[PDB]
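Asks: So here's run.tsv, just TSV, C-alpha atoms and all ligand atoms:
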chain	number	residue	atom	x	y	z
A	1	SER	CA	270.27	311.78	200.19
A	2	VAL	CA	272.49	314.48	198.60
A	3	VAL	CA	275.65	313.75	200.63
A	4	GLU	CA	274.58	310.12	200.68
A	5	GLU	CA	274.81	310.03	196.84
A	6	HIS	CA	277.91	312.18	196.27
A	7	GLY	CA	279.90	311.68	199.50
A	8	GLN	CA	283.34	313.27	199.33
A	9	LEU	CA	283.70	316.12	196.81
A	10	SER	CA	287.00	316.83	195.07
A	11	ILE	CA	288.29	318.79	192.10
A	12	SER	CA	289.24	317.02	188.85
A	13	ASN	CA	290.71	319.20	186.12
A	14	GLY	CA	288.83	322.27	187.34
A	15	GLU	CA	285.53	320.43	187.85
A	16	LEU	CA	283.74	319.83	191.11
A	17	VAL	CA	283.20	316.05	191.19
A	18	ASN	CA	281.92	313.40	193.53
A	19	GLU	CA	283.69	310.34	194.78
A	20	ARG	CA	283.24	308.50	191.42
A	21	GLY	CA	284.46	311.37	189.24
A	22	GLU	CA	281.00	312.43	188.18
A	23	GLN	CA	280.26	316.13	187.86
A	24	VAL	CA	278.44	317.62	190.84
A	25	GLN	CA	276.56	320.92	190.61
A	26	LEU	CA	275.47	322.42	193.93
A	27	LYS	CA	272.64	325.00	193.92
A	28	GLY	CA	271.43	326.55	197.17
A	29	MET	CA	271.02	329.67	199.20
A	30	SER	CA	273.25	331.86	201.26
A	31	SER	CA	272.10	333.35	204.54
A	32	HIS	CA	272.47	337.13	204.88
A	33	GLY	CA	274.72	338.23	207.80
A	34	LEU	CA	274.21	335.80	210.68
A	35	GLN	CA	274.57	338.68	213.16
A	36	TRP	CA	271.46	340.34	211.65
A	37	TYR	CA	269.29	337.63	210.12
A	38	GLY	CA	270.18	334.46	211.97
A	39	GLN	CA	266.58	333.56	212.78
A	40	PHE	CA	266.24	332.40	209.13
A	41	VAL	CA	269.02	329.84	209.65
A	42	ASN	CA	267.80	326.76	211.49
A	43	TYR	CA	267.06	323.08	210.97
A	44	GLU	CA	263.42	323.68	209.96
A	45	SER	CA	264.15	326.41	207.40
A	46	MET	CA	267.04	324.38	205.88
A	47	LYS	CA	264.79	321.34	205.71
A	48	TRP	CA	262.07	323.35	203.99
A	49	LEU	CA	264.65	324.72	201.55
A	50	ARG	CA	265.89	321.16	200.94
A	51	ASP	CA	262.45	319.63	200.55
A	52	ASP	CA	260.48	322.45	198.86
A	53	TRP	CA	263.17	324.29	196.90
A	54	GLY	CA	265.53	321.33	196.29
A	55	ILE	CA	268.72	322.99	197.67
A	56	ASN	CA	271.75	320.75	198.01
A	57	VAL	CA	274.03	323.32	199.68
A	58	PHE	CA	273.53	326.01	202.35
A	59	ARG	CA	275.98	328.86	202.91
A	60	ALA	CA	276.43	330.34	206.37
A	61	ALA	CA	277.63	333.92	205.94
A	62	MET	CA	279.56	334.76	209.06
A	63	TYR	CA	280.50	338.42	208.73
A	64	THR	CA	283.75	339.17	210.49
A	65	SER	CA	283.26	342.90	210.68
A	66	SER	CA	280.00	344.92	210.92
A	67	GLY	CA	278.97	343.52	214.31
A	68	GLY	CA	280.05	340.00	213.34
A	69	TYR	CA	282.46	337.44	214.65
A	70	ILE	CA	285.36	339.77	215.62
A	71	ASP	CA	283.21	341.84	217.98
A	72	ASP	CA	280.84	339.04	219.00
A	73	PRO	CA	282.02	335.51	218.39
A	74	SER	CA	278.75	334.04	219.70
A	75	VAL	CA	277.69	334.08	216.03
A	76	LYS	CA	279.90	330.98	215.66
A	77	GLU	CA	277.14	329.02	217.44
A	78	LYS	CA	274.81	329.95	214.56
A	79	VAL	CA	277.44	328.59	212.15
A	80	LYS	CA	277.59	325.42	214.22
A	81	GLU	CA	273.80	325.08	214.21
A	82	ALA	CA	273.81	325.46	210.41
A	83	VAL	CA	276.57	322.85	209.92
A	84	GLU	CA	274.96	320.33	212.27
A	85	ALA	CA	271.61	320.93	210.55
A	86	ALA	CA	273.26	320.31	207.13
A	87	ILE	CA	274.80	317.10	208.46
A	88	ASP	CA	271.42	315.94	209.79
A	89	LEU	CA	269.70	316.91	206.53
A	90	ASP	CA	272.40	315.35	204.34
A	91	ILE	CA	273.21	318.48	202.34
A	92	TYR	CA	276.48	320.38	201.83
A	93	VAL	CA	277.33	323.44	203.91
A	94	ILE	CA	279.69	326.34	203.28
A	95	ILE	CA	281.35	327.99	206.28
A	96	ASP	CA	282.00	331.52	205.06
A	97	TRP	CA	284.43	333.90	206.74
A	98	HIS	CA	282.56	336.82	205.30
A	99	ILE	CA	284.97	339.69	204.91
A	100	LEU	CA	283.69	342.82	203.07
A	101	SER	CA	284.36	346.19	204.80
A	102	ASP	CA	287.53	344.49	206.16
A	103	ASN	CA	288.63	344.32	202.57
A	104	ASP	CA	292.06	342.81	202.95
A	105	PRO	CA	291.83	339.22	204.26
A	106	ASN	CA	295.02	339.76	206.24
A	107	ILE	CA	293.25	342.24	208.61
A	108	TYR	CA	292.00	339.29	210.71
A	109	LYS	CA	294.41	336.57	209.59
A	110	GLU	CA	295.23	335.28	213.08
A	111	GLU	CA	291.53	335.10	214.01
A	112	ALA	CA	290.70	333.34	210.72
A	113	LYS	CA	293.38	330.73	211.33
A	114	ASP	CA	292.02	330.14	214.87
A	115	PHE	CA	288.41	329.97	213.64
A	116	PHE	CA	289.20	327.54	210.80
A	117	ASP	CA	291.38	325.40	213.06
A	118	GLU	CA	288.32	325.03	215.36
A	119	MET	CA	285.82	324.38	212.54
A	120	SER	CA	288.06	321.85	210.79
A	121	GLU	CA	288.80	319.95	214.02
A	122	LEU	CA	285.07	319.76	214.81
A	123	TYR	CA	283.82	318.92	211.33
A	124	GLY	CA	286.71	317.89	209.07
A	125	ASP	CA	285.64	314.25	208.89
A	126	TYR	CA	282.29	315.09	207.33
A	127	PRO	CA	282.10	315.39	203.55
A	128	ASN	CA	279.29	317.95	203.95
A	129	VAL	CA	281.66	320.78	204.85
A	130	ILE	CA	283.09	323.34	202.47
A	131	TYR	CA	285.32	326.17	203.71
A	132	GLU	CA	285.18	329.69	202.25
A	133	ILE	CA	288.11	331.57	203.77
A	134	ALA	CA	287.65	335.14	202.48
A	135	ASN	CA	284.29	336.15	201.03
A	136	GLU	CA	285.13	339.29	199.10
A	137	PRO	CA	288.62	340.72	199.05
A	138	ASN	CA	288.27	344.20	197.53
A	139	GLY	CA	290.12	347.50	196.98
A	140	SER	CA	292.74	348.61	194.45
A	141	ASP	CA	295.60	347.66	196.79
A	142	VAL	CA	294.30	344.17	197.64
A	143	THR	CA	295.66	341.80	195.04
A	144	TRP	CA	295.96	338.11	194.47
A	145	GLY	CA	299.77	338.23	194.44
A	146	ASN	CA	300.48	340.52	197.37
A	147	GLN	CA	297.54	339.86	199.70
A	148	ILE	CA	295.20	337.02	198.82
A	149	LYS	CA	297.33	334.11	197.71
A	150	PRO	CA	299.69	334.37	200.70
A	151	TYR	CA	296.67	334.57	203.07
A	152	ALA	CA	295.36	331.36	201.51
A	153	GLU	CA	298.83	329.83	201.72
A	154	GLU	CA	298.72	330.34	205.51
A	155	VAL	CA	295.08	329.43	206.22
A	156	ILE	CA	294.93	326.34	203.95
A	157	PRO	CA	297.63	324.38	205.88
A	158	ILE	CA	295.76	325.09	209.15
A	159	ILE	CA	292.63	323.46	207.72
A	160	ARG	CA	294.65	320.67	206.06
A	161	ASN	CA	296.26	319.75	209.40
A	162	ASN	CA	292.80	318.76	210.46
A	163	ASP	CA	290.94	318.08	207.18
A	164	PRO	CA	293.09	316.86	204.32
A	165	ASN	CA	290.45	316.76	201.62
A	166	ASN	CA	287.37	319.00	201.92
A	167	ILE	CA	286.94	321.75	199.32
A	168	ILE	CA	288.27	325.21	200.13
A	169	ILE	CA	286.83	328.22	198.22
A	170	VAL	CA	289.18	331.25	198.00
A	171	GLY	CA	288.00	334.73	197.29
A	172	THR	CA	289.47	336.86	194.55
A	173	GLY	CA	290.13	340.50	193.84
A	174	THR	CA	287.54	343.16	193.09
A	175	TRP	CA	284.83	341.62	195.27
A	176	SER	CA	285.62	338.09	194.03
A	177	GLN	CA	285.55	339.02	190.35
A	178	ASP	CA	289.26	338.72	189.49
A	179	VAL	CA	289.35	335.02	188.87
A	180	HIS	CA	291.56	335.52	185.85
A	181	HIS	CA	294.50	336.81	187.97
A	182	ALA	CA	294.01	333.91	190.31
A	183	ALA	CA	293.88	331.44	187.41
A	184	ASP	CA	297.23	332.70	186.12
A	185	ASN	CA	298.84	332.06	189.57
A	186	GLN	CA	296.94	329.20	191.13
A	187	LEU	CA	297.34	327.66	194.52
A	188	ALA	CA	298.99	324.26	194.69
A	189	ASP	CA	296.34	322.52	196.86
A	190	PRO	CA	294.34	320.28	194.53
A	191	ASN	CA	290.99	320.72	196.28
A	192	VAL	CA	290.60	324.49	195.99
A	193	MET	CA	288.12	326.63	194.05
A	194	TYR	CA	288.19	330.34	193.34
A	195	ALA	CA	285.18	332.45	194.12
A	196	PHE	CA	283.30	334.40	191.48
A	197	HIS	CA	280.47	336.74	192.55
A	198	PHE	CA	278.05	338.81	190.44
A	199	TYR	CA	274.88	340.86	190.44
A	200	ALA	CA	272.48	340.40	187.48
A	201	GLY	CA	271.56	344.12	187.28
A	202	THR	CA	275.24	345.15	187.11
A	203	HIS	CA	277.44	342.46	185.52
A	204	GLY	CA	277.32	340.97	182.05
A	205	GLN	CA	279.27	339.52	179.16
A	206	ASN	CA	282.63	341.07	180.08
A	207	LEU	CA	282.67	339.26	183.43
A	208	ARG	CA	281.31	336.14	181.79
A	209	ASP	CA	284.32	336.15	179.41
A	210	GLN	CA	286.70	336.75	182.39
A	211	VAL	CA	285.24	333.67	184.02
A	212	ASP	CA	285.75	331.69	180.77
A	213	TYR	CA	289.38	332.81	180.79
A	214	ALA	CA	289.89	331.43	184.31
A	215	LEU	CA	288.16	328.15	183.42
A	216	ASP	CA	290.35	327.91	180.31
A	217	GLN	CA	293.40	328.01	182.61
A	218	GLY	CA	292.14	324.94	184.48
A	219	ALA	CA	290.92	326.82	187.59
A	220	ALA	CA	287.81	325.59	189.42
A	221	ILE	CA	285.18	328.29	190.05
A	222	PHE	CA	282.42	328.37	192.70
A	223	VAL	CA	279.83	331.17	192.36
A	224	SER	CA	279.45	331.31	196.14
A	225	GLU	CA	277.38	334.50	196.12
A	226	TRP	CA	275.24	336.12	193.38
A	227	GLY	CA	272.25	338.45	193.38
A	228	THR	CA	269.30	338.96	191.01
A	229	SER	CA	269.36	342.71	191.67
A	230	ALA	CA	271.85	345.43	190.86
A	231	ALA	CA	274.79	345.66	193.25
A	232	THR	CA	273.24	348.99	194.19
A	233	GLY	CA	269.85	347.33	194.81
A	234	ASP	CA	267.95	349.87	192.68
A	235	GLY	CA	265.58	349.10	189.81
A	236	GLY	CA	264.34	345.90	191.47
A	237	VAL	CA	265.39	342.52	190.22
A	238	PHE	CA	266.84	341.88	186.78
A	239	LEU	CA	265.65	338.35	185.98
A	240	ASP	CA	266.22	338.63	182.29
A	241	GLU	CA	269.99	338.97	182.82
A	242	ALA	CA	269.73	336.68	185.87
A	243	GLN	CA	268.48	333.98	183.49
A	244	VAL	CA	271.40	334.56	181.08
A	245	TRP	CA	273.75	333.95	184.00
A	246	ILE	CA	271.80	330.87	185.06
A	247	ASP	CA	272.24	329.35	181.65
A	248	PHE	CA	275.92	330.41	181.63
A	249	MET	CA	276.47	328.56	184.92
A	250	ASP	CA	274.52	325.52	183.72
A	251	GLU	CA	276.48	325.28	180.46
A	252	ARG	CA	279.70	325.14	182.54
A	253	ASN	CA	278.27	323.16	185.50
A	254	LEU	CA	279.24	325.92	188.01
A	255	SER	CA	277.94	325.52	191.54
A	256	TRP	CA	276.23	328.44	193.18
A	257	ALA	CA	274.57	330.00	196.18
A	258	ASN	CA	272.12	332.88	195.85
A	259	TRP	CA	272.26	335.95	198.04
A	260	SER	CA	270.28	335.91	200.17
A	261	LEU	CA	267.79	334.25	202.54
A	262	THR	CA	266.34	337.13	204.49
A	263	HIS	CA	263.18	339.19	204.85
A	264	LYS	CA	265.09	342.45	204.56
A	265	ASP	CA	263.47	344.94	202.22
A	266	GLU	CA	266.10	344.89	199.47
A	267	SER	CA	265.63	343.45	195.98
A	268	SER	CA	268.12	340.64	196.38
A	269	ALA	CA	266.31	339.30	199.48
A	270	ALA	CA	264.47	336.03	198.83
A	271	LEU	CA	261.70	336.60	201.37
A	272	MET	CA	259.15	339.31	202.04
A	273	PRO	CA	259.21	341.18	205.34
A	274	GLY	CA	257.56	339.09	208.08
A	275	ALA	CA	258.20	335.74	206.35
A	276	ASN	CA	258.25	332.77	208.73
A	277	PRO	CA	261.75	332.12	210.11
A	278	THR	CA	261.21	328.35	210.13
A	279	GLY	CA	260.12	327.95	206.52
A	280	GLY	CA	256.86	326.57	205.14
A	281	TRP	CA	256.50	329.80	203.17
A	282	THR	CA	253.39	330.53	201.15
A	283	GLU	CA	254.04	331.93	197.68
A	284	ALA	CA	253.14	335.35	199.14
A	285	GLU	CA	256.08	335.08	201.61
A	286	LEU	CA	258.57	334.89	198.72
A	287	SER	CA	259.87	338.01	196.92
A	288	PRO	CA	260.17	338.20	193.14
A	289	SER	CA	263.84	337.29	193.58
A	290	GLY	CA	262.94	334.36	195.82
A	291	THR	CA	260.20	333.13	193.49
A	292	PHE	CA	262.66	333.06	190.58
A	293	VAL	CA	265.55	331.43	192.53
A	294	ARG	CA	263.25	328.77	193.98
A	295	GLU	CA	262.12	327.97	190.42
A	296	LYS	CA	265.73	327.70	189.24
A	297	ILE	CA	266.56	325.25	192.03
A	298	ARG	CA	263.35	323.22	191.70
A	299	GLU	CA	263.63	322.74	187.97
A	300	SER	CA	267.06	321.06	188.36
A	301	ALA	CA	266.13	319.09	191.52
A	302	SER	CA	265.23	315.36	191.65
B	1	LIG	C1	282.61	348.07	191.87
B	1	LIG	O1	281.64	348.53	192.82
B	1	LIG	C2	281.29	347.62	193.85
B	1	LIG	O2	280.84	346.34	193.49
B	1	LIG	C3	280.66	345.37	194.51
B	1	LIG	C4	279.84	344.20	193.91
B	1	LIG	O3	280.80	343.56	192.96
B	1	LIG	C5	279.82	345.94	195.65
B	1	LIG	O4	279.79	345.03	196.74
B	1	LIG	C6	278.48	344.69	197.15
B	1	LIG	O5	277.99	345.74	197.89
B	1	LIG	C7	276.64	345.61	198.31
B	1	LIG	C8	276.25	346.94	198.98
B	1	LIG	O6	276.90	347.06	200.24
B	1	LIG	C9	276.57	344.37	199.21
B	1	LIG	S1	274.83	344.06	199.55
B	1	LIG	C10	274.91	343.20	201.11
B	1	LIG	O7	275.85	343.63	202.07
B	1	LIG	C11	275.56	344.97	202.57
B	1	LIG	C12	276.74	345.32	203.53
B	1	LIG	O8	276.73	344.46	204.65
B	1	LIG	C13	274.18	344.94	203.22
B	1	LIG	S2	273.79	346.67	203.73
B	1	LIG	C14	273.82	346.53	205.52
B	1	LIG	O9	272.75	345.82	206.05
B	1	LIG	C15	272.76	345.60	207.44
B	1	LIG	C16	271.59	344.73	207.86
B	1	LIG	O10	270.39	345.21	207.36
B	1	LIG	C17	272.63	346.97	208.16
B	1	LIG	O11	272.67	346.77	209.59
B	1	LIG	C18	273.76	347.85	207.66
B	1	LIG	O12	273.55	349.17	208.15
B	1	LIG	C19	273.79	347.95	206.16
B	1	LIG	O13	275.05	348.52	205.83
B	1	LIG	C20	273.10	344.43	202.29
B	1	LIG	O14	271.87	344.31	203.00
B	1	LIG	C21	273.52	343.05	201.73
B	1	LIG	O15	272.65	342.56	200.71
B	1	LIG	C22	277.13	343.10	198.51
B	1	LIG	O16	277.30	342.08	199.42
B	1	LIG	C23	278.53	343.41	197.98
B	1	LIG	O17	278.97	342.34	197.20
B	1	LIG	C24	280.32	347.30	196.10
B	1	LIG	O18	279.38	347.89	196.98
B	1	LIG	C25	280.46	348.27	194.93
B	1	LIG	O19	281.08	349.44	195.49
B	2	CA	CA	275.54	339.90	218.79
B	3	CA	CA	294.24	322.83	216.53
B	4	CA	CA	287.58	315.77	205.40
B	5	CA	CA	302.79	334.89	206.63
Give the structure from this file in structure tokens form.
Ligand SMILES: CO[C@@H]1O[C@H](CO)[C@@H](O[C@@H]2O[C@H](CO)[C@@H](S[C@H]3O[C@H](CO)[C@@H](S[C@@H]4O[C@H](CO)[C@@H](O)[C@H](O)[C@H]4O)[C@H](O)[C@H]3O)[C@H](O)[C@H]2O)[C@H](O)[C@H]1O
Ligand SMILES: [Ca+2]
Ligand SMILES: [Ca+2]
Ligand SMILES: [Ca+2]
Ligand SMILES: [Ca+2]

Replies:
Amino acid sequence: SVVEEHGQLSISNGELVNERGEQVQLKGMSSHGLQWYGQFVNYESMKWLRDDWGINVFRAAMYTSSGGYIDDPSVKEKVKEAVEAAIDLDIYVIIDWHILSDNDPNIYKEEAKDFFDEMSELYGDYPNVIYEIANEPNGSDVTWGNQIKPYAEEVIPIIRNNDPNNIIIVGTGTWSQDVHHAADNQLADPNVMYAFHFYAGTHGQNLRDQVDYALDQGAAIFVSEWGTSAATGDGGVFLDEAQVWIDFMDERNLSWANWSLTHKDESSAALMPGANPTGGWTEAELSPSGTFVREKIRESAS
């Protein structure tokens, strides 16, 4: 029903919109690294998230480094399984080339172009798909102008050869925080969005105002990853400031995906250790973070 209602997504003056120009706000979950916690990504768990949480988007976080796709490309099958599940379930799906320790997106540019050529040929005709070409560029010598924009300028045409219209989300500097630099030197492709990521126990008003700057320049922003914890993961969850951010995103209709769907023992994890991989979770199988995120997604779901 989600993709059935909205169909093809596009950007209109910085806003994510459906095929009739109506605002669309996607809320869902991100997987943790598919090379570590791939058992939580399957048709049953995505159905349970769709039906019980009300998600309308699922993000497949394909790490490149850290035992991910570069060393073992069999993780692509997990990405495929997620995409095909999303298509069956009628929800949107984000294919995320999850760089992090490989902080400059150009480190694996050739591989990224090959990977996105393959994904876009297989799935380009479905409106469900969203590409995220560089999770979190980071480092003082990784900038929008020198490193990230030019990367996007090479990868985007590769996807566009096969898929002329699906949304492409492009990471920004400082772990996808530097949306204002990107907004002052935007890509030309009309269906692009810039990533903005945050952690409720670490980031506040200063980054909120930076996001407002970017939006004021006409740039579209997709909060493709955010955590309820501190970036450090100490002190537990910070749901007070997480709720300020929730309202911030709602005021501006920003789409988001929470990090992350795993049973790992870290505050941002949505599930408790031992939680069922195929969903159907009791309330005891959800962490404090998961309980809160589920509530945020349910209360806006139809
Ligand atoms: C300005 O300071 C920086 O801010 C950034 C946030 O804007 C910080 O980036 C964030 O760093 C977090 C800590 O690494 C990660 S949490 C996330 O990803 C990490 C790394 O993959 C993993 S830890 C990882 O887990 C594996 C599986 O259990 C394990 O095998 C491996 O040994 C272990 O390293 C964690 O579980 C995930 O939640 C955020 O993704 C990132 O945005 C930056 O750290 C900080 O310097
Ligand atoms: Ca492996
Ligand atoms: Ca090709
Ligand atoms: Ca398409
Ligand atoms: Ca080049």

Asks: For residue 286 in chain A, which residue among A:205, A:268, A:300, A:120 is the nearest when counting all atoms listed in the file?

Replies: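 Using all atoms listed in the file, residue 286 in chain A sits closest to A:268.
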
Asks: Near residue 43 in chain A, counting all atoms listed in the file, which residues have an atom at most 12 Å away, once you skip same-chain residues fewer than 6 positions from it, shown as a list in words?

Replies: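 These residues fall inside the cut-off: residues 49, 50, 51, 58, 78, 79, 80, 81, 82, 83, 84, 85, 86, 87, 88, 89, 90, 91, 277, 278 and 279 of chain A.
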
Asks: Quick one: distance from CA of residue 238 in chain A to CA of residue 52 in chain A in Å, one decimal?

Replies: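 Computing the Euclidean distance for CA of residue 238 in chain A and CA of residue 52 in chain A yields 23.7 Å.
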
Asks: Which chain A residues have any atom within 7 Å of an atom of ligand LIG 1 (chain B), and for each, what is the nearest pair of atoms with distance in Å to one decimal, counting only C-alpha atoms and all ligand atoms, rows sorted by chain and number, as JSON lines?

Replies:
{"residue": "A:32", "atom": "CA", "partner": "B:LIG1", "partner_atom": "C21", "distance": 6.8}
{"residue": "A:36", "atom": "CA", "partner": "B:LIG1", "partner_atom": "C16", "distance": 5.8}
{"residue": "A:174", "atom": "CA", "partner": "B:LIG1", "partner_atom": "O3", "distance": 6.8}
{"residue": "A:175", "atom": "CA", "partner": "B:LIG1", "partner_atom": "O3", "distance": 5.0}
{"residue": "A:197", "atom": "CA", "partner": "B:LIG1", "partner_atom": "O3", "distance": 6.8}
{"residue": "A:198", "atom": "CA", "partner": "B:LIG1", "partner_atom": "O3", "distance": 6.0}
{"residue": "A:199", "atom": "CA", "partner": "B:LIG1", "partner_atom": "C4", "distance": 6.9}
{"residue": "A:231", "atom": "CA", "partner": "B:LIG1", "partner_atom": "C4", "distance": 5.3}
{"residue": "A:232", "atom": "CA", "partner": "B:LIG1", "partner_atom": "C8", "distance": 6.0}
{"residue": "A:264", "atom": "CA", "partner": "B:LIG1", "partner_atom": "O10", "distance": 6.6}
{"residue": "A:266", "atom": "CA", "partner": "B:LIG1", "partner_atom": "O14", "distance": 6.8}
{"residue": "A:268", "atom": "CA", "partner": "B:LIG1", "partner_atom": "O15", "distance": 6.6}

Asks: Using CA of residue 108 in chain A and CA of residue 76 in chain A as the two end points, give the distance in Å to one decimal.

Replies: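 Taking CA of residue 108 in chain A as the start and CA of residue 76 in chain A as the end point, the length is 15.5 Å.
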
Asks: May I ask you to write as a VMD selection string all residues lying at most 7 Å from ligand CA 3 (chain B), with all atoms listed in the file counted?

Replies: chain A and resid 117 to 118 121

Asks: From the set A:4, A:216, A:234, A:71, which residue has the shortest atom-to-atom contact distance to ligand CA 2 (chain B), counting all atoms listed in the file?

Replies: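 Between A:4, A:216, A:234, A:71, the residue approaching ligand CA 2 (chain B) most closely is A:71.
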
Asks: Within 9 Å of ligand CA 5 (chain B), which residues show up when you count all atoms listed in the file? List them as a PyMOL selection string, please.

Replies: chain A and resi 150-151+153-154

Asks: One decimal, in Å: what's the spacing between CA of residue 259 in chain A and CA of residue 31 in chain A?

Replies: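 Computed distance, CA of residue 259 in chain A to CA of residue 31 in chain A, equals 7.0 Å.
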
Asks: Using all atoms listed in the file, what are the residues with an atom within 7 Å of ligand CA 4 (chain B), set out as a list in words?

Replies: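 Checking all atoms listed in the file against ligand CA 4 (chain B) at 7 Å gives residues 124, 125, 126, 127, 163, 164, 165 and 166 of chain A.
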
Asks: Within 10 Å of ligand CA 2 (chain B), counting all atoms listed in the file, which protein or nucleic acid residues do you find, written as a PyMOL selection string?

Replies: chain A and resi 34-36+67-69+71-75

Asks: Could those residues be written to a file, using C-alpha atoms, as an mmCIF file, in the coordinates of the input?

Replies:
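Heads up, here's the output in part-v2.cif:
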data_model
loop_
_atom_site.group_PDB
_atom_site.id
_atom_site.type_symbol
_atom_site.label_atom_id
_atom_site.label_comp_id
_atom_site.auth_asym_id
_atom_site.auth_seq_id
_atom_site.Cartn_x
_atom_site.Cartn_y
_atom_site.Cartn_z
ATOM 1 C CA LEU A 34 274.210 335.800 210.680
ATOM 2 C CA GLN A 35 274.570 338.680 213.160
ATOM 3 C CA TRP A 36 271.460 340.340 211.650
ATOM 4 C CA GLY A 67 278.970 343.520 214.310
ATOM 5 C CA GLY A 68 280.050 340.000 213.340
ATOM 6 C CA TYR A 69 282.460 337.440 214.650
ATOM 7 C CA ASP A 71 283.210 341.840 217.980
ATOM 8 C CA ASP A 72 280.840 339.040 219.000
ATOM 9 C CA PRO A 73 282.020 335.510 218.390
ATOM 10 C CA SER A 74 278.750 334.040 219.700
ATOM 11 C CA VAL A 75 277.690 334.080 216.030
#

Asks: Is it possible to dump range 251-268 of chain A as an mmCIF file, in the first residue's frame, including just N, CA and C atoms?

Replies:
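Output (selection-v2.cif):
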data_model
loop_
_atom_site.group_PDB
_atom_site.id
_atom_site.type_symbol
_atom_site.label_atom_id
_atom_site.label_comp_id
_atom_site.auth_asym_id
_atom_site.auth_seq_id
_atom_site.Cartn_x
_atom_site.Cartn_y
_atom_site.Cartn_z
ATOM 1 N N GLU A 251 8.250 19.043 11.797
ATOM 2 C CA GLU A 251 7.975 20.423 11.374
ATOM 3 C C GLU A 251 8.388 20.637 9.912
ATOM 4 N N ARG A 252 9.561 20.124 9.541
ATOM 5 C CA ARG A 252 10.099 20.246 8.183
ATOM 6 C C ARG A 252 9.843 19.099 7.224
ATOM 7 N N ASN A 253 9.029 18.129 7.600
ATOM 8 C CA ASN A 253 8.693 16.938 6.855
ATOM 9 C C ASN A 253 9.914 16.097 6.420
ATOM 10 N N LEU A 254 11.021 16.093 7.152
ATOM 11 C CA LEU A 254 12.186 15.312 6.761
ATOM 12 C C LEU A 254 11.978 13.802 6.979
ATOM 13 N N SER A 255 12.368 13.056 5.943
ATOM 14 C CA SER A 255 12.303 11.607 6.039
ATOM 15 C C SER A 255 13.447 11.114 6.887
ATOM 16 N N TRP A 256 13.237 9.947 7.505
ATOM 17 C CA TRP A 256 14.338 9.382 8.276
ATOM 18 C C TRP A 256 14.338 7.867 8.415
ATOM 19 N N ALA A 257 15.526 7.362 8.787
ATOM 20 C CA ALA A 257 15.713 5.986 9.163
ATOM 21 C C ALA A 257 16.552 5.922 10.423
ATOM 22 N N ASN A 258 16.024 5.211 11.417
ATOM 23 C CA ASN A 258 16.741 5.091 12.701
ATOM 24 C C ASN A 258 17.781 4.012 12.681
ATOM 25 N N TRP A 259 18.903 4.295 13.335
ATOM 26 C CA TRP A 259 19.979 3.329 13.503
ATOM 27 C C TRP A 259 19.924 2.771 14.923
ATOM 28 N N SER A 260 19.715 1.486 15.043
ATOM 29 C CA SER A 260 19.623 0.495 14.030
ATOM 30 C C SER A 260 18.887 -0.777 14.507
ATOM 31 N N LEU A 261 18.504 -1.604 13.555
ATOM 32 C CA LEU A 261 17.772 -2.847 13.874
ATOM 33 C C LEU A 261 18.771 -3.969 14.108
ATOM 34 N N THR A 262 19.092 -4.166 15.343
ATOM 35 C CA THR A 262 19.999 -5.200 15.793
ATOM 36 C C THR A 262 19.773 -5.529 17.268
ATOM 37 N N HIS A 263 20.291 -6.700 17.666
ATOM 38 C CA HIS A 263 20.224 -7.075 19.085
ATOM 39 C C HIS A 263 21.554 -6.850 19.810
ATOM 40 N N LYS A 264 22.470 -6.160 19.106
ATOM 41 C CA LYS A 264 23.729 -5.792 19.745
ATOM 42 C C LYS A 264 23.447 -4.994 21.010
ATOM 43 N N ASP A 265 24.274 -5.237 22.019
ATOM 44 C CA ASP A 265 24.239 -4.546 23.276
ATOM 45 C C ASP A 265 24.903 -3.180 23.218
ATOM 46 N N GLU A 266 24.263 -2.241 22.545
ATOM 47 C CA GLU A 266 24.652 -0.840 22.493
ATOM 48 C C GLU A 266 23.345 -0.075 22.540
ATOM 49 N N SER A 267 23.340 1.096 23.144
ATOM 50 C CA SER A 267 22.171 1.903 23.394
ATOM 51 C C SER A 267 21.344 2.243 22.178
ATOM 52 N N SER A 268 22.024 2.447 21.040
ATOM 53 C CA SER A 268 21.237 2.758 19.833
ATOM 54 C C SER A 268 20.487 1.541 19.273
#
